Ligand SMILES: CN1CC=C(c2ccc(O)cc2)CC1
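The form deposited without the named molecule is given below as one chain in structure tokens.
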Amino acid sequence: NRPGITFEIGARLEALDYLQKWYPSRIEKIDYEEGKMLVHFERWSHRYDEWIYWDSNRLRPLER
């Protein structure tokens, strides 16, 4: 039970949207160079996967 980017593939990060919530979304793949992750969302109607960057907008790492 780790709500946030644990930097591990398969970790459940917090993504914002849909409800404007930071909802536990799962990392499917990580790009470390650009610093993006292929995140798979549970509550997401358009697509289910997306490449977004950590805390660039709607992505939150772990508590700290």
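From 1 onward, residues are counted along the sequence shown.
This protein has a second form, the form deposited with the named molecule bound, left out of what is shown; the following refers to that one.
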Quick check on this chain: with the named molecule placed from its pose in the entry with it bound by superposing the site C-alphas, is the site open or blocked (blocked meaning at least 3 ligand atoms within 2.4 Å of backbone or C-beta)?
blocked
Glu14 near the named molecule in the entry with it bound, any heavy atom under 4.5 Å?
no
Heavy atom to heavy atom, is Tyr48 within 4.5 Å of the named molecule in the entry with it bound?
yes
Quick one: does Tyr23 come within 4.5 Å of the named molecule in the entry with it bound, counting heavy atoms only?
yes
So, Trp44 and the named molecule: in the entry with it bound, are they within 4.5 Å at any heavy atom pair?
yes
